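**Q** sequence? don't have it. structure:
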RNA sequence: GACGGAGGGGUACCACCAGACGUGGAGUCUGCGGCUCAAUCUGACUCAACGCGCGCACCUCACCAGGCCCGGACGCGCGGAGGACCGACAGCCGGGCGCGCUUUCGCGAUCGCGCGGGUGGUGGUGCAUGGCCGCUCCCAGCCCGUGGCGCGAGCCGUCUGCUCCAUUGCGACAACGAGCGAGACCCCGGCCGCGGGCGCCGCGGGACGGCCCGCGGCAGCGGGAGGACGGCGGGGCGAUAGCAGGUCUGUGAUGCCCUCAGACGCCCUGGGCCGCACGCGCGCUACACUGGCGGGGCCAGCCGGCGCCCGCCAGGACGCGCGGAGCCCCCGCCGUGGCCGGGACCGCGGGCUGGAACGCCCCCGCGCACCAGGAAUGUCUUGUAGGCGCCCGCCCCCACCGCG
């Protein structure tokens, strides 16, 4: 469900100039961004309602820390597929925060917005290097082995 | 915004009331003596369960639209595990025919329309659900 | 045993036509490949599986054929003097039609 | 002995290389044996 | 922990005495080009080219100040 | 001629051998409209087996996988003509090459 | 979206087994030709085989009659329609260097009365003659007394542990069976002659 | 050389810290001794036997209780063609086939019979062996040419120093010059470019103890910054020398051996491997409220066919190419009561796959232990432990395993 040719297929562009991507643990959030009316229908679901309520604040965190001065009047259509229930939510944060810094990136506001990004998480600015690990030839799991016999 | 702006699950209770209220479909009388799935040994006890299932069926169909969605695909979206066997639990399918009764009856109500492979939400269906979008946000 | 006479003539001519009889090595009754021709007068298709195999040991011990079994399938080949035995017993007066197809031309690898 | 020979019909899988009636390993229609496989896999082509 | 393998150290010494002027004290990439510059030297694989390059930049420091 | 498209499929397991074939196949497209390469999602038939011929020893498993690779191009040109174009393509050994008509459904 | 039946993806597997079956027949009947490797080239169902051999005429022998009996034996065996099967043998330069030819040329002396150390050095002579960095002959089995053991005779440095090992070195195992019991012989030849790769340890300097 | 309840130095969750997840206690699973049988086929016993030799109704099958038929090829000597031998309905017989028996009908040399030579044989000896894994060996050791050194075995190089993942380097240095192993290399990933697209897949870069500062002849270290990545990222091969380690039961691997026609051949029918007082090794699920439980909302990756009426369901009919997991989470229910925890057994059924249930699936019951585990041990440092699901190996059917 990720790294697909059709990461974003239906969109015909029409002003979605800022194109972003979020990789957070084998999950991609691809966000085309237009200077619209603050509509972030990630996965065609308004940011206001997300599947894990407790984790809505984490998705709101890129929009809230950055502030409405650049966020308001900017709409990003994010497609999230691949990964799990909350791994996707971190990918959504990656897409939203990269995008608003990337709507004023040429202007020096990149340094102030990156400062907001690095005080919160360097992971919002830089992708997660953590995925999964190979199972052992004996026993189950990368770090676990069958209980030994005598001795 | 028909189901996007509203929580589709919140709409599920409101249109569950609307299914009996508008008289869409009926309770098939097997709603008393049958269980939802082979995985779900628990028998549904809501008594309006076929109305929530027939609110779920259209919500699934509406977003997919004409994606030729078939009865089994709808049934395997509420799949659970089978417990009660010492062997490790594994996911098992929901009853296809209880769901199949829903869709075949819904065909007449015009929220379900004949198509290649599976049936789709009819254009008439696209209109009925749209009204509750305004009702939910108002 | 007491296998039909036609098979003896059928294997000889086929063995010489391809100048070999690689044989499926099966001690189980089933489709019998290779000598689909056992003449007629009783069959219009392949003969019994046992017949070719029992005959093949007789031919190999006498020396009419040479066998180099590799994988499950056998790799039987008509031998140098087999050509005289096959041609003489079939009553072919002269050297008949064997298997050469000219000389191959240099290939890309 | 027309009736007696091979009255029984059963799947008769065999290691094509080995003829084994066990460890056939027909994952892809291949019958290279569980053990016979490494020896012959180099020509067939398999990689670690 | 990093200590260089003999193959890297030996070749690096040759590359520091073959050309001190051409190599650079801190710029690893300038040395990297001289390490893999066909006739000047050939390192099979970039990682080995990188390995010699790191040392030839440190060796360049050594040669610049009180050479061993 | 019959200007019928022939889909191009090359099944070669050696990624490099098949890579040599791709560059020559693209070259003959100058003769007749080669399409952009559609290299296959890698297919890795997988066989994992106990290394020991007997059962003795700690279970040790040898992991065996060979990636058969398919290369896809689409070429529309005369049906007899494509066979001549393949004369130009390199015949390095052990590659299966097929061209299949993308015929407008006979109607 | 794509169809996954991909019917054709098993034929190249059947071809892969065929190459295997072709190797097992060849090392049985083409030992005196120094058989090393066999190739399969069917594009239009046109069967092409390039056998590698110490000297190629050794395979044809008599105006291709020897080859043709076995060319149409291959056809018969593989249900290939007769005459489609074609073998163009290629001649092998540096015949001794190729490992499969060398291990066989030992079995040929050993099955008679030649000494082991004498033919170990005889095989080593060919590998130095063929520019191999080193040649190692390992004989195993019931040599001398019935309690068996192995003699390892290596001349010149030889490598065998790493990825270069499967790029430069070559090897083969001949299970010679003698009159007392099985005395398998295996000769490895390390050749840094390959121009397909350069040892990542090897470095060249101005 | 091996040992040292001998120093001085190393070192690792196959050791212990610091901790976690456990097991052992309990149902059940899968083996292993023991018991019993007609047979309960066999190897294998600390590590390095014991879900190991890859799902045993049949085949497999090696085992047992039977039953058929040679496929004894090739010579040699002979016997023999209206005939050597091979078959055969009627009944009986033996589960049963003319298998034998009465009975008289065939049948064509494809041969009868010895004499040598046979096809064989999951029959024995891994203590005759080849190969191929295990283990020493998550440890870095191994050796070579020429020269020292001693009569020689055997040292030197191969070092107490000085670092390291490492005989990784460094500096000294009767030794001097090498090499194999290590590392490299290779395989997926991190990122970042382009080519190029029926599927995201081909090719490059980049990370180098490089850069900063301390402390060090040096090797390097230790604290930094930037950076996809920080100093091997789980990544596979396998130095030298071997061990009565296993397997003749994986094969036209093989020595001897042993049988070879009333066969240890090979087919067939039925059974046994699982029967199973008892002890044990991985395992599964329990012992509930950080939880069973009514739906809703789901969200994957090794990577995937899906659809219509008939059925609670298991499952079918008829079809055509098609379309994704639980955990968790939102809201009900129940109140610590062996309880609605838990599902072990047991009785009717509905099934399917199959020649043939004994196998498995479903449903309506029935609700075993078990309330947290004695001695004693096992496994691990971040996407890790655990927690939870998914395909496949093997399969007529049939995961509590195995690789992922």
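**A** Yes, it's here. Residues are numbered from 1 along each chain as shown, chains lettered A, B, ... in the order given.
**Q** could you find the closest non-adjacent residue to whatever residue of chain C ends up closest to chain G?
**A** Per CB to the nearest CB, residue C:20 is where chain C lies closest to chain G, at 3.3 Å. In short, each C-beta sits where N, CA and C put it, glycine included. In this structure, residue C:20 finds its nearest non-sequential neighbour in residue G:73, 3.3 Å apart by CB to CB, 6 or more residues apart in numbering or on different chains.
**Q** would residue A:79 count as being in a strand?
**A** Yes - according to DSSP: H, G, I helix; E, B strand; the rest coil, residue A:79 belongs to a strand.
**Q** how many other residues sit next to the residue nearest to residue C:20?
**A** 25 (other CB atoms under 10 Å in any protein chain shown).
**Q** just residue C:109 next, same as before
**A** Residue C:109: 14 neighbours (other CB under 10 Å).
**Q** quick revisit: test my guess that the residue of chain C closest to chain G contacts residue C:79.
**A** No - judged on CB atoms under 8 Å, residue C:20 makes no contact with residue C:79 at a distance of 10.4 Å.
**Q** which strands and helices sit next to whichever strand or helix holds the residue nearest to residue C:20?
**A** Following DSSP states H and E, one finds residue G:73 within helix G:65-78. Applying 3 or more CB pairs under 8 Å, 6 or more residues apart in numbering or on different chains; DSSP states H and E, we find helix G:65-78 packed against strand C:76-78, helix G:11-29, helix G:57-60, strand G:86-87.
**Q** comparing these, which comes out most buried?
**A** strand C:76-78 (a mean of 25; mean count of other CB atoms under 10 Å in any protein chain shown).
**Q** Three-state assignment for residue A:83, please.
**A** coil.
**Q** please report the distance of the residue lying closest to it once chain neighbours are set aside from residue A:57.
**A** Leaving aside its sequence neighbours, residue A:83 sits nearest to residue A:27 (CB to CB, 6+ apart; 2.6 Å). Look at residue A:27 and residue A:57: by CB to CB, to the nearest Å, they are 19 Å apart.
**Q** for residue G:143, grab the count of nearby residues.
**A** For residue G:143, the neighbour count with other CB under 10 Å is 15.
**Q** list the contacts for it?
**A** Applying CB atoms under 8 Å, 6 or more residues apart in numbering or on different chains to residue G:143 gives the contacts G:116, G:149, G:151, G:183.
**Q** distance of the residue lying closest to the second one once chain neighbours are set aside from chain C?
**A** Spatial nearest neighbour of residue G:149, chain neighbours left out: residue G:143 (6.9 Å); criterion: CB to CB, 6+ apart. Residue G:143 sits 28 Å away from chain C, taking CB to the nearest CB, to the nearest Å as the criterion.
**Q** got the buried residues for stretch A:16-36?
**A** A:16, A:18-34 (16 or more other CB atoms under 10 Å in any protein chain shown).
**Q** from these, which land in helices?
**A** Assigned to helices by DSSP state H, none of these qualify.
**Q** around the nearest residue to residue D:23 once chain neighbours are set aside, count how many other residues there are.
**A** In space, residue D:23 comes closest to residue D:34 once its chain neighbours are excluded; the distance is 3.7 Å by CB to CB, 6+ apart. Residues within reach of residue D:34, counting by other CB under 10 Å, total 17.
**Q** and the one 5 residues further on, by the same measure?
**A** Neighbouring residues of residue D:39 were enumerated by other CB under 10 Å; the total is 15.
**Q** from chain C, which residue is nearest to chain A?
**A** residue C:71 (30.3 Å).
**Q** er, chain B actually
**A** For chain B, CB to the nearest CB, closest residue to chain A: residue B:7, 4.9 Å.
**Q** check chain D too.
**A** residue D:48 (12.3 Å).
**Q** just the strands in chain F please.
**A** F:3-12, F:43-50, F:61-78, F:96-101 (DSSP state E).
**Q** which bits of chain C sit near chain G?
**A** C:18-22, C:33-34, C:68, C:70-71, C:73, C:75-78, C:98-101, C:103-109 (CB under 8 Å from any CB of the partner chain).
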